[PDB]
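No Cβ is skipped: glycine too gets one built from the backbone with ideal geometry, and neighbour counts run over all protein chains shown. Quick note: the coordinates plus some simple rules give every number you see, no bench work behind them.
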Amino acid sequence: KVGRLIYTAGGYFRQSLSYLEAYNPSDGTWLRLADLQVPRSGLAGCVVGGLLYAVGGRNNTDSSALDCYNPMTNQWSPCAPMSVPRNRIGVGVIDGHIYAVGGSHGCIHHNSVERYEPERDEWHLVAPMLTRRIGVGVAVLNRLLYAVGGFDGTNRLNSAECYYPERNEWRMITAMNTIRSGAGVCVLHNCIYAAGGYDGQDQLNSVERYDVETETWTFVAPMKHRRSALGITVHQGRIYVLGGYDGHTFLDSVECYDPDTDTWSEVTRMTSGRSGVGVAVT
Ligand SMILES: CCN1CCN(CCC(=O)Nc2ccc(S(=O)(=O)N(CC(N)=O)c3ccc(N(CC(N)=O)S(=O)(=O)c4ccc(OC)cc4)c4ccccc34)cc2)CC1
């Protein structure tokens with residue numbers, strides 16, 4: 001069997017893409033899957049019940065689209081769209097529900113947040129963030145959604161806030177050491193990781209993880225390639241970053257961070273360089 005792959009949807013390189021490819025870290029092999037009905041970039045990926053969802057993005061135009069991919073049918077299926085278009089959206093999953101955080105619709109910078117129930121194919125607004133954030137990293141940890149960095153329309157941000165589903169409220173948390181938009185955010189071993197991003201003048205290769213109990217952000221081993229608008233995911237206790245923009249070119253490099261050795265390896269290259277891809281694991 002081919003159990004658990006890293007899926008990449010959409011992206012940008014000279015134009016919005018429709019590519020859907022999968023990577024087998026047991027293999028080193030790539031798989032070409034069904035193209036997206038509409039090419040998109042700046043979207044987010046997540047998994048719920050073994051289906052892969054592609055949320056938001058822009059087609060070259062800002063998308064409110066939610067689309068479902070079934071790995072067993074290799075087929076894409078449209079879902080109820082969001083209430084608003086959300087370019088540079090962040091996404092997280094709590095109890096089988098997809099939270100769409102922030103993003104832009106043209107020049108509107110959203111601080112709003114909606115929740116999608118796959119059981120009912122319905123979207124509902126939840127409490128809005130304290131800060132408008134596009135290009136925001138999103139991570140779920142102890143059933144709490146975290147919104148990290150991004151751009152509020154005026155300032156690139158280093159702040160972070162925390163949404164509480166049971167109370168339906170947001171609370172700021174400790175700010176990061178660096179301003180980061182278009183960063184990869186994920187959760188590896190009870191910690192939130194924030195890799196790369198763009199600090200307003202440079203693409204970053206730095207990496208800080210947040211310890212919730214100590215409330216502090218500490219830097220860790222940096223990546224080899226500066227990159228923003230990167231895909232990120234966690235597979236078997238390791239972080240994977242995919243593609244992105246380094247300020248000049250569109251990367252195809254996929255680096256793998258080992259927490260037990262605090263080291264970034266290059267483990268493969270995408271079939272072509274791209275940025276703004278959605279990434280998930282199933
Ligand atoms: C128009 C005139 N020019 C001038 C220069 N050009 C340079 C050549 C070029 O094409 N770069 C390029 C790079 C990337 C894409 S993208 O697909 O990933 N993408 C598209 C999307 N869906 O919006 C996105 C763009 C910007 C983002 N950022 C958040 C933010 N507020 O900018 S960011 O922090 O990471 C950033 C900031 C400054 C940077 O340096 C300028 C580069 C990154 C995105 C964040 C998340 C997801 C997609 C993003 C697309 C194009 C091109 C065109």
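Structural remarks
- Among the criteria (1) surrounded by fewer than 21 Cβ atoms within 10 Å (Cβ to Cβ); (2) within 16 Å of the ligand (Cβ to nearest atom); (3) under 17 Å from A280 (Cα atoms), the one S41 does not fulfil is (1).
- Criterion: basic (K, R), surrounded by 16 or more Cβ atoms within 10 Å (Cβ to Cβ) and either in contact with a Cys (Cβ under 7 Å, 6 or more places away or on another chain) or more than 26 Å from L31 (Cβ to Cβ) (or both) - qualifying residue of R226, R274, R171: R226
- Residue that is surrounded by the fewest Cβ atoms within 10 Å (Cβ to Cβ) [pool: residues in the stretch 66-88 that are under 22 Å from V140 (Cα atoms) and touching a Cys at 6+ places or on another chain (Cβ under 8 Å)]: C68
- So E166, is it more than 15 Å from the ligand (Cβ to nearest atom) and either touching a helix residue (DSSP H, G or I) at 6+ places or on another chain (Cβ under 7 Å) or not in a strand (DSSP E or B) (or both): yes
- Within the stretch 237-256, restricting attention to residues that are of a type in the set (S, T, Y) and either within 13 Å of the chain's Cα centre (by Cα) or surrounded by fewer than 20 Cβ atoms within 10 Å (Cβ to Cβ) (or both), the residue that is farthest from the ligand (Cβ to nearest atom) is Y240.
- Of residues in the stretch 190-227 being closer than 15 Å to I173 by Cβ and part of a loop (DSSP other than H, G, I, E, B), the one farthest from the ligand (Cβ to nearest atom): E213
- Considering the stretch 82-94, and only residues there that are within 27 Å of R32 (Cβ to Cβ) and outside any strand (DSSP E or B), the residue that is farthest from the ligand (Cβ to nearest atom) turns out to be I89.
- Residue check, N158 touching a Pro at 6+ places or on another chain (Cβ under 6 Å), outside any strand (DSSP E or B) and within 27 Å of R274 (Cα to Cα): no
- First in the stretch 246-263 and farther than 15 Å from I6 by Cα, second anywhere and away from the ligand (no atom under 16 Å from the Cβ) and part of a loop (DSSP other than H, G, I, E, B), Cβ under 6 Å, 6 or more apart: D262/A221; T263/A221
- Answer from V138, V187 - the residue that is surrounded by fewer than 23 Cβ atoms within 10 Å (Cβ to Cβ), part of a strand (DSSP E or B), in contact with a strand residue (DSSP E or B) (Cβ under 6 Å, 6 or more places away or on another chain) and of a type in the set (A, V, I, L, M, F, W, C): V187
- Evaluation of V136 against the conditions (1) within 21 Å of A280 (Cβ to Cβ); (2) in contact with a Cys (Cβ under 6 Å, 6 or more places away or on another chain) shows that the sole unmet condition is (2).
- Evaluation of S206 against (1) surrounded by fewer than 20 Cβ atoms within 10 Å (Cβ to Cβ); (2) within 22 Å of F151 (Cα to Cα) (one fails), failing number: (1)
- Of the candidates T261, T178, the single residue that is out of contact with any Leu (no Cβ under 7 Å at 6 or more places or on another chain) and not acidic (D, E) is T261.
- Residues of the stretch 257-282 classified as within 16 Å of the ligand (Cβ to nearest atom) and of a type in the set (A, V, I, L, M), total: 4
- The set of residues in the stretch 36-55 being outside any strand (DSSP E or B) and either among the aliphatic types (A, V, I, L, M) or in contact with a strand residue (DSSP E or B) (Cβ under 6 Å, 6 or more places away or on another chain) (or both) consists of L36, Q37, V38, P39, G42, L43.
- For the stretch 17-26, the criterion of being within 15 Å of the ligand (Cβ to nearest atom), touching an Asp or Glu at 6+ places or on another chain (Cβ under 9 Å), among the polar types (S, T, N, Q) and under 18 Å from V185 (Cβ atoms) is met by no residue.
- When the stretch 138-169 is filtered for residues that are of a type outside the set (D, E, K, R) and in contact with a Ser or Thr (Cβ under 9 Å, 6 or more places away or on another chain), the ones remaining, listed by number, are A147, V148, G149, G150, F151, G153, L157, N158, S159, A160.
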